[PDB]
Amino acid sequence: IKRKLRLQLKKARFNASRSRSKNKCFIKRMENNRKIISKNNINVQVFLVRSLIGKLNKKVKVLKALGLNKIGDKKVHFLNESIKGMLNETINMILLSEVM
Amino acid sequence: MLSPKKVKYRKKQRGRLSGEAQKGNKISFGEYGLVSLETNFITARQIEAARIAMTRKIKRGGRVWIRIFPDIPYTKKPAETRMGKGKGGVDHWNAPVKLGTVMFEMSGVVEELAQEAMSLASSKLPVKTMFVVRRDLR
Amino acid sequence: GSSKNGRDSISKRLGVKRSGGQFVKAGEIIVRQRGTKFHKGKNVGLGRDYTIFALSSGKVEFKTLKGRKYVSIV
RNA sequence: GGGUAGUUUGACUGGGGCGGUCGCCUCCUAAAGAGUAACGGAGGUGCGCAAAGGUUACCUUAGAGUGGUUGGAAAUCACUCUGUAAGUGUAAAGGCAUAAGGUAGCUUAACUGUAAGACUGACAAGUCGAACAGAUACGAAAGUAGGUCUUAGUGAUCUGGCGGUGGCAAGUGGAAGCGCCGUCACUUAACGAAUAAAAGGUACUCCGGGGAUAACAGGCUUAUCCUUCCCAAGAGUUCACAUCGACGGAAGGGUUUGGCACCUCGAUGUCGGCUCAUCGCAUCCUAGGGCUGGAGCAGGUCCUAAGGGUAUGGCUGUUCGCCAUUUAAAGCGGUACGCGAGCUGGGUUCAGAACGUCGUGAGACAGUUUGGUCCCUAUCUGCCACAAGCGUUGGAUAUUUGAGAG
RNA sequence: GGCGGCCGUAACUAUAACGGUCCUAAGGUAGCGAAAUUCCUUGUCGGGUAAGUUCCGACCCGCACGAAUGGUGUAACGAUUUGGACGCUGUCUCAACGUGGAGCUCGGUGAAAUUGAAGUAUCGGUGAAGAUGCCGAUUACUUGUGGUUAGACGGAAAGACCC
RNA sequence: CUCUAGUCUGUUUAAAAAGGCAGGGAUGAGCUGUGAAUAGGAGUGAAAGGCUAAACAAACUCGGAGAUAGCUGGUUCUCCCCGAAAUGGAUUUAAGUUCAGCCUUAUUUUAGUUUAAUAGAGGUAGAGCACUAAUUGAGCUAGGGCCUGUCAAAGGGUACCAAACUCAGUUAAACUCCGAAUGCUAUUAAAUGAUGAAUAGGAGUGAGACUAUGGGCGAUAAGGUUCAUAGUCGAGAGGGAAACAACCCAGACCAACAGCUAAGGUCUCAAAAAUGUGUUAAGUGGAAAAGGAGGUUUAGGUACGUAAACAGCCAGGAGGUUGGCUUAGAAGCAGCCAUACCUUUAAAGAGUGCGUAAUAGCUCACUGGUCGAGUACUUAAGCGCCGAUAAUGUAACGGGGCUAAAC
């Protein structure tokens, strides 16, 4: 079987083998994050949940500017426009909880 | 054949052709059209093969409009050469078509005969097609 | 049958050197260009090759009038 | 003055050679700052001008239409509309109505010493520059002018020539000479320029290396090739599809000629023949069919089917092909274009010699002819045969069912 | 050392004895010619063979023969090259048997290149693109001896070809 | 006695060139013994680039000499901290070297980096015809020829060849009246905490590869070649993709027989799932195209229908009229033309096919009765079918198997 085709096929199968349950969990997390970011002037706790390896250079810079270097990083920040923009940039790699 | 009679530059770079059609996508001069369902290149010579098919099927009933003109050189290096010198030479002419280009238009004949003739034309083109009546008149 | 051509000059690095709103002091080069792509306004001068330079310290500004762009120091 | 000696004879390159190219400028490629490659796509250039430079002042083309001695489509003149499409020495681009375009007057700033601050930049360099002193040109003046609307028309250092200055002057005073300032002489074009001064052969070759790089194979790709398939205008007495199917359209096969240079150059031995094969079915024969424009005989086309079989000779190194006789048939391919640690060495691909052609020559030629060392005792796996040991649940001796295999 | 082109021309067709023209120092005479020279090419015809890309005899359209780098022949001669015939034969159809030295067994003497080692199977894959060592599966009691070379990109020579 | 054609053996040989069959010369340019002579850029050579002490396209020994190598190989104990590059420029340079870029140590300095807000310059994507070109169909009409009251005077019929213009509709890296998103620059405020910069010491690197986007060349072929952004490998262990440097997840200080999770999985090999509603009959899942297609789920159109649709069954399916013909014939069915051809009309077409030289003949659309609701053509989706197709061995789920353990 030709190598061009088998490489395309192997890649397509790996991509398509994602679980809808995991996708639903991710969607729920994204909705929660957007709901929190929609607020204004609250103290929010930011957890880093996805690694920095392999991500874009710009986004690694944004995360290091937020103060998160590892998974399991905990930082409290006051939501203003700057922090809101940074969180929007890196929404897919963070978990936002709110500090009552 | 169908081919431009004068060009500024003999050879031009093969772009990437993509996206649907945002223009030339509506029936203008006729009654029935042969839209494409893909994005690809139609050579001049396939164009004239489809034109012969339609025109010959139509016993003087109506008119045929061709909504594409090739105007794009297709170069090919000589048969047995290596990858050295550069930009070999024009071989034949291509026209660009995108998903939604009308590509062919017919007037005069009954709808059944038009549909038959235009499937007869679609049998000779390299893209999936669809036969459309005006969908806003009858 | 080799290539008949393949010949290019050195890139000349034209363009705007100081962005609108930046602070410059006297004599700065603002634009390098062939021809008055940008014309001269208040407090700037034009070199023999249409370079735009600042006659005094200030802040660069670009204005538009009848579709032509003018550079000034304010 | 190759009798002899010391050397030179470039690089890039989808291997090398041949061809082409080498500096600078404009545009595209370049993905809306700058920059950005290829043997990517189009061009220019090694100058011109004593005005075609400087300044003051005044003017506005080309095209279309229209009325006009020759005069015509188009010359010069006038008007209307259009509003830079014209014109800018020279390529292109960016600009140019306040015109940088056109005309006229005067004129030499096509200046000396400088230069804050920058652009671009490995470096060397290149570029812009307000303003100041001297002294002009134009203008009433304000002001402009340190060549050309802008960006190409270029060449480092060393050496030497010419003019100026009078700094250095081997005891002193001069001088030769040198330094300083001005300036001239390099297709140093292979244009950051190895010398003031430089071409070839090696198959008689040698050495250091490279799979960084070619030839034989494997791999990727399928242009080409092969095998089908889609559309059916037609041909076929009429009847597209018994059969052939043009013009186009969509794929597979990896066998042909190629593309790439990924494995191997401290060696993967290259074409045929001999011997021995094994596998695929896209079936040459035998077997089973469907349809025929199949009366019968003999066929044509398509489907199923790989069990077995599939010739001997003449020519050529040949595979191939042609030919002679046969045969139920004289299949097509993969396996390092199967098989040289199994064989042959006719061919190719060493040193001899000869012919034709090319070169002044040494020599060269996918031109020809003739002659020309084919190495290795099988450790392992594999395979063909034969034994030793033990197991088969107490130990032995005969006769056998049979999985499985040939 | 050198020794040419183009064009037109006859009681069919064909060719061109002939003529014109350009150029050069001069443009290949005799003889020979698909040759130790001919690419196209297994040119064409004849002989030889049941069948002849070789061979012999010619034709001349000599890619790219040619007159002391000699041209064309030649009796005799050749461990030279090429084709044909007779005789003769295991060269072959097609192999068989026998003989001598090795091979095999035992006793004595006793190497070699080679070698990271090793409780070193096969298939379909994967991978520096051809796997004993990886994946999945299949198969296989332990260990020797006589044979055979398919593999270990086997051994031997820092590839001679190419750069 | 001297030499070696042909052939065989030998080929880790008995022999660093011989041996077995044989062959050539053999009264001469013969063979041979014993001395002597010619030496390295020289000798000798009946001419092979042969020979000169088993090695000769310039012998051997010693010395210069440890010659020179941009080339290949090798370079020996441990731990801690930081950590590249394979790019740019130049080069008798392309496998070398040098400067810059990237690294480290020491000192000094403090201001990178990412946002947000405000404000700036593009011309790309896209789009457009207003410029430069290409181009479709009508309308109009110069001009050119054709024809005609023709001389070639002034003319007229214009199928055309067609400029310009009008309407409608397209193409462009080297077209732009327009024009983003990102990216770039300046300032400020937050956020991150030595990631910036300057000086000095020491370097290494200047062969890159693939993946995701935008491209150029190629054949919108290559694990191809050449650039731009980011990532990984390079220099990166661990888990997943059956195996599988570049893909997915994730940065290994050491130890623990603790827990929660990412990618990816939860019948079994093999650590982990059950329930709900549907779909699939092809093991599809567990490769792929043009095209064919009364497979099926769901949704929606157009025909048609309880005032009888469709299929079947029973009838008519005609008269004028050989429609006029071309032709020889053509009577509905070589072929031309329409069938604005009518009537009895239930309904009968200048006939749907079969087949006759030509009909003849058999059938259908067409309409009537028996029956009794959906049917007949299409559209959009969810899964399927055929097309499907190589050579050691099932071999295109990793295996067993699975109708779910598939979607």
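Bear in mind the residue numbers are our own, running from 1 along each chain as written, so they may not match the entry, and residues with no coordinates are left out. Chain letters and ligand numbers both follow the written order, the letters beginning at A and the numbers at 1. Keep in mind that this is only part of a larger assembly, and the values describe that part, not the whole. The side-chain values count all of the structure's non-hydrogen atoms but skip hydrogen atoms and water molecules.

- Regarding how it was determined, this PDB entry cites cryo-EM in its header, along with a resolution of 2.86 Å.

- You'll find chain C entered in the PDB entry as 50S ribosomal protein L27, with Borreliella burgdorferi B31 given as the organism.
- The record lists the entry's title as "The structure of a hibernating ribosome in the Lyme disease pathogen".
- The UniProt entry for chain C carries the following text under Sequence similarities: "Belongs to the bacterial ribosomal protein bL27 family." UniProt positions are given in the numbering used here, feature names are shortened, and annotations may be inferred rather than shown by experiment.

- Going by what the PDB entry lists, chain B is known as 50S ribosomal protein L16 and is assigned to Borreliella burgdorferi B31.
- On record in UniProt, under Function, the comment for chain B is "Binds 23S rRNA and is also seen to make contacts with the A and possibly P site tRNAs."
- Taken from UniProt, the Sequence similarities comment for chain B reads in full: "Belongs to the universal ribosomal protein uL16 family."

## Some words on the overall build of chain B
Part 1 of the reasoning: Along chain B, the regular secondary structure elements total two helices and seven strands.
Part 2 of the reasoning: Runs of E in the DSSP output that reach at least two residues are strands. Runs of H or I that reach at least four are helices, and both are numbered from the N terminus. Listed N to C, the secondary structure of chain B is β-β-α-β-β-β-β-α-β in terms of helices and strands.
Part 3 of the reasoning: For every residue, the accessible area (1.4 Å probe, protein chains only) is compared with the maximum for its type, and the residue is labelled buried under 20%, exposed over 50%, or partly exposed between those bounds. For chain B, the proportion of its 138 residues judged to be buried stands at 34%.
Part 4 of the reasoning: Residue contacts are defined here by distance: any two heavy atoms, one from each residue, within 4.5 Å place the two residues in contact. For chain B, long-range pairs separated by at least 24 residues make up 80% of all intrachain contacts whose partners lie at least 6 apart in sequence.

## Examining the sheet that holds strand β3 (residues 29–32) of chain C
Residues and elements named next belong to chain C.
Part 1 of the reasoning: Strand pairing is assigned whenever DSSP detects at least two bridges linking the two strands. An order of β1-β3-β6-β5 is seen for the four strands of this open sheet, with the pairing classed as antiparallel. This sheet does not close on itself; its edge strands, each paired only once, are β1 (15–16) and β5 (44–46).
Part 2 of the reasoning: Where β3 lies against strand β6 (residues 52–54), two bridges are found, and the strand directions are antiparallel. Across the sheet, residue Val 31 finds its bridge partner in β6, namely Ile 52.

## Focus on the arrangement of the chains
Part 1 of the reasoning: One thing to see here is that chain A and chain B don't touch, and their nearest C-alpha atoms sit 20 Å from each other.
Part 2 of the reasoning: Over all C-alpha pairs, chain A and chain C never come within contact, reaching a minimum spacing of 22 Å.

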